[PDB]
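Working notes for the structure below.
Chain letters run A, B, ... following the sequence lines, proteins first, then strands; residues in each count from 1. Note: hydrogens, waters and symmetry copies are ignored here, and every other heavy atom, side chains too, is used.
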Number of protein chains: 2
Amino acid sequence: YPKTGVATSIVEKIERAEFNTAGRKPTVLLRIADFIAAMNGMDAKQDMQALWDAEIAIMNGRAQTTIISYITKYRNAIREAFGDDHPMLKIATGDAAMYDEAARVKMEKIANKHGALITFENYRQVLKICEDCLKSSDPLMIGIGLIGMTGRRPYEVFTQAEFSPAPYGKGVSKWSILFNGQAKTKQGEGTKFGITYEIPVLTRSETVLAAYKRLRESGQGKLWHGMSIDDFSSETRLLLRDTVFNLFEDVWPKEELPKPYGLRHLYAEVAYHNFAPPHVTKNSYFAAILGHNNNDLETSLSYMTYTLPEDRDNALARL
Amino acid sequence: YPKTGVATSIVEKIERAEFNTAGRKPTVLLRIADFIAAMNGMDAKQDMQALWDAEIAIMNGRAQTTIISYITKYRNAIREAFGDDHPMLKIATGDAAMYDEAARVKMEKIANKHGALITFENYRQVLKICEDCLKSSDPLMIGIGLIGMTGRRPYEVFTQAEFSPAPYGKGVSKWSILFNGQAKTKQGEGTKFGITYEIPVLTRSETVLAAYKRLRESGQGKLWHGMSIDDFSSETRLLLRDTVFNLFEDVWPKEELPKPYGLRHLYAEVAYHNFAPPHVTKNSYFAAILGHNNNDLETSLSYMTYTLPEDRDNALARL
DNA sequence: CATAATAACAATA
DNA sequence: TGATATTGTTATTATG
DNA sequence: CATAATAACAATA
DNA sequence: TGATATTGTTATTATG
């Protein structure tokens, strides 16, 4: 089903890491590599269970969230090396209790958000800053700008986004564009995978599109194009983190620090406040503009983070 | 654990039904009664499985939602008759697939709601009608009135609600009261079971409280007091249905028919529109006023049903 | 003498 | 109703 | 001659 | 991460 095979992505990573001139050892990837190796020729389920047990034991002392992520790394390797039918996929898994608990923690944090939204007092400043970034010659700057003005995920904006003009009857839409290249999504109906769909933008569409074409045409943009999430991460993440931190440090709400995804959160609040037609709920509207699954109203809870000072003002205008 | 016992509630119902002068036969309750009987002395799991299988087979041809409800009836009987440790409780259950599907259907309908809210054009009329009902001498009328002005569930208002004045510093709150007697809730932390808590009212608290005391003091109110859900249902439900239908038929939004629970839905929309402080989301606010569990933001999706014509007007006031 | 580079470690949607 | 893909933070490594 | 009463049947939160 | 409690609709029954 079969009993042999290799998780090639892991191995290439190990081989490249063999001659770095700095950095941590790839101990986790090495464990995975050896685990897949030891599986080769293995046919008894008890053997498989013993091997996984050894693994799980190593992992103890890590955070729950870490452990869960690692189980994903292993399972993705087993699938890579042996396929979808390997009996180890029923064995190498966390128990139901760990996932249940994970979900309890997630949901509690969110409910705390919903109870105490952050007033984003200088949101106009932040949006203008992003707009200013759209005219920068530095493609990282353009990219930040796009995350704020379009609300796409960094990985989307930088590596795989397709933007196009959205028609408005006989003309082109001024406040919205077409987007393709939704991440965190596999093929399935009611999924936006490889689906093109209209989204609002927080500045003139012409600007956004122009700026994106500059991004895609720069040398760095051609390098970024089509990267894996791993490569995108290691190539760009810490720099994007420090850049975004430096850009908004004295305008960002004092409750939190400025993080790239904040632009996506803020985007949704702002677009809802400006564009939501009246027969739609906040949940449904977010989930629409954010490319969430059909009948997925729950992922939208994650994004209710800020309250605009105008809303805060006039809700205070009672008696 | 043990092998003998009786589901007394079922049996009393059968015995009383023995001499009605009208009405359907209690065939379902009789099946349950016989099933519990046949369980007496039964010790082998295969025997138990055979008995449940026979049952499930009878039930086929009913709606999924019906079937699920019936499985609740049976399981509640087993628990009543033999306790929580009886091995039949692991056998008499729907499969995971049925519950999963149930949830898929529920969630799809809700997402359709969220996409197409109903504009409750005459909501002011409806609320005044409820207010007018608060001064009626007929306790069913007072009760309807209370469901609209307080958003409590019919079963709550009629049989077990405790209302009290809510203090406001040194005085009594004018727009809110204290409520105890939350239904659909078992003891557990982060549950409002036997918990008293402040809720908004859509007319002067003094009125609401006065009217409720009249309700509780009428002969019919003393009869309603402390009823089981079954008795409340059979005593009052069809009348409350027809009364509510006749009361609002020409003011209720034409998309649906006037149903008692609509007052609870409308209540939440209206109270949010008038009272929600600005650092709270719609989800968290509903779940608060509706007595939902802590960190329960999902039950609140069910209530997003209507859009107020004022909201609809000024969201239309874009460009 | 100390710090950039890298992956482990971790949280979020 | 089963067990993921992205974003965010920090410890450890090699290096004139 | 037909209809109120009752529980089955069903959906919702 | 297991398998409920309420609200809403209709078929069937007994009955001068």
Centre of B/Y70's six-membered ring, under 6.0 Å away, within 45 degrees of the axis: is that where NZ or CZ of B/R62 sits? no

A/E256 has an atom CD; how far is it from atom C1' of D/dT9, in whole Å? 16 Å

Answer yes or no: does atom CD of B/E249 have more than 12 heavy-atom neighbours from other residues, nucleotides or ligands under 6.0 Å? yes

Please indicate whether A/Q160 has more than 12 foreign heavy atoms, meaning atoms of other residues, nucleotides or ligands, lying under 6.0 Å from its CD. yes

May I ask you to say what B/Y70 touches in the nucleic acid, namely base, sugar-phosphate or nothing, with a heavy-atom cut-off under 4.0 Å? base

C/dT12 with F/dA5: Watson-Crick or G-U wobble pair, both contacts under 3.5 Å? no

Hey, does the side chain of A/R153 come within less than 4.0 Å of D/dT7's phosphate (OP1/OP2), counting only N and O? no

Atom pair distance, as rounded to whole Å: CZ in A/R31 and P in C/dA8: 13 Å

Closer than 4.0 Å, any side-chain N/O of B/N76 to the OP1 or OP2 of F/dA3? no

Do A/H292 and A/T299 get their side chains close enough for a donor-acceptor pair, meaning under 3.5 Å? no

OP1 or OP2 of E/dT12 versus the side-chain N and O atoms of B/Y261: is any pair under 4.0 Å? no

Gap between atoms CG and P, on A/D231 and D/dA5 respectively (whole Å): 16 Å

Can you check whether any acceptor in the base of E/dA11 is under 3.5 Å from a donor in the side chain of B/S69, or vice versa? yes

Side chain to side chain, A/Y303 and A/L290, heavy atoms closer than 4.5 Å: yes

Residues in residues 77-114 of chain A with a heavy atom under 4.0 Å of DNA chain D, by number, are A/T93, A/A96, A/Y99

Looking at F/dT9, I'd like to know if its phosphate oxygens (OP1 or OP2) sit under 4.0 Å from a side-chain N or O belonging to B/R241. yes

Does atom CG of B/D85 have more than 12 heavy-atom neighbours, drawn from other residues, nucleotides or ligands, at distances under 6.0 Å? no

Do C/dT6 and F/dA11 pair up in this structure? I mean Watson-Crick (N1 to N3 plus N6-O4 or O6-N4) or G-U wobble, both distances under 3.5 Å. no

Identify the heavy atoms of B/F232 and B/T159 that sit nearest to each other, and give their distance. CD1-CG2, 3.5 Å

Classify the nucleic acid contact of A/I68 as base, sugar-phosphate or nothing, counting any heavy atom under 4.0 Å across all strands shown. base

Please check the phosphate of C/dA13 (OP1 and OP2 only) for any side-chain N or O of A/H265 closer than 4.0 Å. yes

E/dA11 phosphate, OP1 or OP2, under 4.0 Å from B/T65 side-chain N/O: yes

Kindly point out which of F/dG8, C/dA7, F/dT9 is positioned nearest to the side chain of A/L238? C/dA7

For residues A/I68 and A/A102, report the shortest heavy-atom separation together with the two atoms involved. CD1-CB, 3.8 Å

Is the shortest side-chain N/O distance from B/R75 to OP1 or OP2 of F/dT4 below 4.0 Å? yes

Could you check how far CG of A/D242 sits from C1' of C/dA4, rounded to whole Å? 13 Å

Rounded to whole angstroms, how far apart are CZ on B/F232 and P on F/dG8? 10 Å

Does A/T66 contact C/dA8 through a side-chain donor or acceptor facing the base, at a distance under 3.5 Å? no

Any side-chain donor-acceptor pair under 3.5 Å between A/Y306 and A/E255? no

If a positive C1'-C2'-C3'-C4' torsion means north (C3'-endo side) and a negative one means south (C2'-endo side), where does D/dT12 fall? south

Report yes if some heavy atom in the side chain of B/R152 is under 4.5 Å from a heavy atom in the side chain of B/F179; otherwise report no. yes

Base paired to C/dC9 (Watson-Crick or G-U; both N/O distances under 3.5 angstrom): D/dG8

Length of the CZ-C1' vector between B/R237 and E/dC9, whole Å: 15 Å

With both distances kept under 3.5 Å, what pairs with D/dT15, Watson-Crick or G-U wobble? C/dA2

N or O in side chain of B/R62 less than 4.0 angstrom from E/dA8 OP1/OP2: no

At less than 4.0 Å, is any side-chain N or O atom of A/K186 found next to OP1 or OP2 of D/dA5? Yes or no. yes

Strictly distance-based, threshold 3.5 Å: is any side-chain N or O of B/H114 a donor or acceptor partner for the main-chain N or O of B/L301? yes

Euclidean distance, atom CD of residue B/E298 to atom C1' of E/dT12 [Å, nearest integer]: 14 Å

Separation of atom CG in A/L239 from atom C1' in D/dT7, rounded to whole Å: 15 Å

Watson-Crick or G-U pairing of F/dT4 with E/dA13, both H-bond distances under 3.5 Å: yes

With the threshold set at under 4.0 Å for non-hydrogen atoms, list the residues of residues 10-30 of chain A touching DNA chain D in residue-number order. A/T21, A/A22, A/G23, A/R24, A/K25

Which sits closer to the 5' end of DNA chain D, A/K73 or A/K259, going by the nucleotide each is nearest to? A/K73

Pairing defined as Watson-Crick or G-U wobble with both contacts under 3.5 Å. Yes or no for F/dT12 and E/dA5? yes

Counting only heavy atoms not in B/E235, do more than 12 fall under 6.0 Å of its CD? yes

